[PDB]
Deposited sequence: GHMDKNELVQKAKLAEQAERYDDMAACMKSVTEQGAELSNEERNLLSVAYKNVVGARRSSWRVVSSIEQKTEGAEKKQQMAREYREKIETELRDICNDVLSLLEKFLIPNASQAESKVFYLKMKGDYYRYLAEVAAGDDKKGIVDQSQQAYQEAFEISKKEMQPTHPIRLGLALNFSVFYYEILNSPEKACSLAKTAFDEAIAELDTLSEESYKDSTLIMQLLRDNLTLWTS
């Protein structure tokens, strides 16, 4: 079960499109105690984004069915099944972040990466929260994005793709979770402009396409 065996079976799992497998591999890597290379870090992030992405999509389908009888009670119970799966996944990632990843990130860029992940999975918890439970989730997401944001401003170029990805997801958080288009647009626009002023290689396609991404959201929000 060596780190690099697991990394290789993880890469195989990705090519096979068996993402629960890939995530279990990368989880094992992470629990081994040591800081994650950029390779590992990215494999982890990809695995869990696909694992959770499937539940997010399924959840959406069944919610929008439930909003359109005993069939309606079927949709409700099934949605709660998917919800419990999704919640269990999210909290798995968040435990990994608090226990291994964030307290081990010596690269400041990784510290931003992990806080942004934390923002993201509290965001996914918030997409499906229902109650007085939801404020605390929303606060955890927003606070984690704000921490990531803050650090990225000191340690990162406005053109850096992790800084811009952090900006995109933060702005989406404001739009979808806080229903606040003004903050969403402000954050997005400030980041696009501080980027388009400093373009002056090899991660270029990343920045620009995230920039394109930022632009697109602006267009649909204004």
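Undergrad: Could you list the ranges of the deposited sequence that have no C-alpha atoms in the model?
TA: No C-alpha coordinates exist for 1 to 2, 71 to 74, 207 to 209, 232.
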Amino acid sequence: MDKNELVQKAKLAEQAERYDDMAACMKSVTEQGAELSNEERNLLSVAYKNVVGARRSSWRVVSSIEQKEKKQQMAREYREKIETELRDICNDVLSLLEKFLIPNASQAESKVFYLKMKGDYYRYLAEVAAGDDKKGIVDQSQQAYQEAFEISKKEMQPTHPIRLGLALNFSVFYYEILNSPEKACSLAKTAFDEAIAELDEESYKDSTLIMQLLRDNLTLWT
From here on, numbers count along this sequence of modelled residues.
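Rigid core: the largest C-alpha set superposing within 1.5 Å between the two forms.
Undergrad: Between 204 to 212 and 21 to 29, which has its CA atoms farther from the current form in 8 other deposited structures of this protein, using a rigid core superposition?
TA: Higher average C-alpha offset in 8 other deposited structures of this protein goes to 204 to 212.
Undergrad: Could you check whether 69 to 77 or 97 to 105 drifts more from the shown form in 8 other deposited structures of this protein, using RMS Cα distance once the core is superposed?
TA: Comparing 97 to 105 with 69 to 77, the one that moves more in 8 other deposited structures of this protein is 69 to 77.
Undergrad: Taking the mean of the C-alpha B-factors per stretch from the entry, tell me the winner out of 184 to 192 and 167 to 175.
TA: Going by the record's values, the stretch with the higher mean is 184 to 192.
Undergrad: Give the stretch, out of 206 to 214 and 16 to 24, with the larger mean C-alpha temperature factor in the deposited entry.
TA: So the stretch with the higher mean C-alpha B-factor is 206 to 214.
Undergrad: At the C-alpha atoms, which of 58, 67, 50, 42 reaches the highest B-factor in this entry?
TA: Of the candidates given, the C-alpha B-factor peaks at 67.
Undergrad: Among the choices 110, 152, 140, 91, identify the one whose CA B-factor in the record is greatest.
TA: Highest C-alpha B-factor among the listed residues goes to 152.
Undergrad: Which third of the chain does residue 197 land in by C-alpha B-factor: lowest, middle or highest?
TA: It belongs to the highest third of the chain when residues are ordered by C-alpha B-factor.
Undergrad: Which third, lowest, middle or highest, does the C-alpha temperature factor of residue 73 belong to within its own chain?
TA: Highest third, going by the recorded CA B-factors of the chain.
Undergrad: Compare the C-alpha B factor of residue 115 with those of the other modelled residues in its chain, then answer lowest, middle or highest third.
TA: According to the entry, residue 115 has a C-alpha B-factor in the chain's lowest third.
Undergrad: Using only modelled residues of the chain, where does the Cα B factor of residue 106 rank: lowest third, middle third or highest third?
TA: Residue 106: CA B-factor falls in the highest third of its chain.
Undergrad: According to the PDB entry, is the CA B factor of residue 129 in the bottom, middle or top third of its chain, that is, lowest, middle or highest?
TA: Ranked within chain, residue 129 CA B lands in the middle tercile.
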